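S.K.: structure of the sequence below:
(chains A and B)
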Amino acid sequence: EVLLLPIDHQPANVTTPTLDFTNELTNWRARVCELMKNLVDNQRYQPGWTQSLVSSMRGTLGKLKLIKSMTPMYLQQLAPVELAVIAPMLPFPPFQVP
Amino acid sequence: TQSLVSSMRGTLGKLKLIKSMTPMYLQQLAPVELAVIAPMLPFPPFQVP
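M.R.: Residues are numbered from 1 along each chain as shown, chains lettered A, B, ... in the order given. Please find the structure below.
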């Protein structure tokens, strides 16, 4: 009676869900965006570009960090609950290595 | 002007980092292929240093 998961989960405290960012996959998306922002300001790299391209690329990365989507909150709150609901009524029982 | 020197630096910095196998070939496989071919030539090789 235990099911191992790749990611971290937490129980949803409320039942009217709403957008938040304290979230492991949101942290992951933010760190990838911060790496690419640190990539596009380099003395070996930015003189290869124009100025408007630097400005537009930094704007696009700053908006991809702050794009809203309930999917990481879904994966950390609701998806393991319904996987645990589905998993008994199943013709092939779960088979996991750690 | 501006935005010409920048694109020139980008073109040069990319053309340095182009991925071509020809300098690898000329030092690893072209000498052993010349050494393979060279005895079976009707005009055998004639070299000054």
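S.K.: near chain B, which residues of chain A show up?
M.R.: A:44, A:47, A:48, A:49, A:50, A:51 (CB under 8 Å from any CB of the partner chain). To be clear about C-beta, it is placed using only N, CA and C from the backbone, and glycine gets the same treatment.
S.K.: mind putting these in TSV, secondary structure included?
M.R.: Listed next are these as TSV, based on DSSP: H, G, I helix; E, B strand; the rest coil:
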residue	secondary structure
A:44	coil
A:47	helix
A:48	helix
A:49	coil
A:50	coil
A:51	coil
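S.K.: in chain A, what residue comes closest to chain B?
M.R.: Of all residues in chain A, residue A:48 sits closest to chain B, at 3.6 Å by CB to the nearest CB.
S.K.: neighbours of that residue, how many?
M.R.: Other residues near residue A:48 number 17, with proximity taken as other CB atoms under 10 Å in any protein chain shown.
S.K.: and the longest helix for chain A?
M.R.: helix A:24-39 (DSSP state H).
S.K.: list the contacts of it.
M.R.: Residues outside helix A:24-39 that contact it (CB atoms under 8 Å, 6 or more residues apart in numbering or on different chains): A:7, A:8, A:45, A:58, A:61, A:62, A:64, A:65, A:71, A:72, A:75, A:76.
S.K.: kindly report the same for stretch A:40-48.
M.R.: Stretch A:40-48 has contacts (CB under 8 Å, 6+ apart) with A:39, A:49, A:54, A:57, A:58, A:61, B:6, B:9, B:10, B:13, B:14.
S.K.: what is the most widely separated pair among these?
M.R.: Across those, the longest distance by CB to CB is 22.4 Å; it joins A:61 and B:9.
S.K.: so residue A:92, which state does it fall into?
M.R.: Residue A:92 - assigned by three-state DSSP - is coil.
S.K.: hey, where'd the helices end up in chain A?
M.R.: Under DSSP H, chain A gives helices at A:24-39, A:52-65, A:71-77, A:79-86.
S.K.: the shortest one: how far from the chain's middle?
M.R.: The one in question is helix A:71-77. 8 Å (CA atoms, centre = their mean, to the nearest Å).
S.K.: give me the neighbour count for residue A:76.
M.R.: Residues lying near residue A:76 (other CB under 10 Å) number 20.
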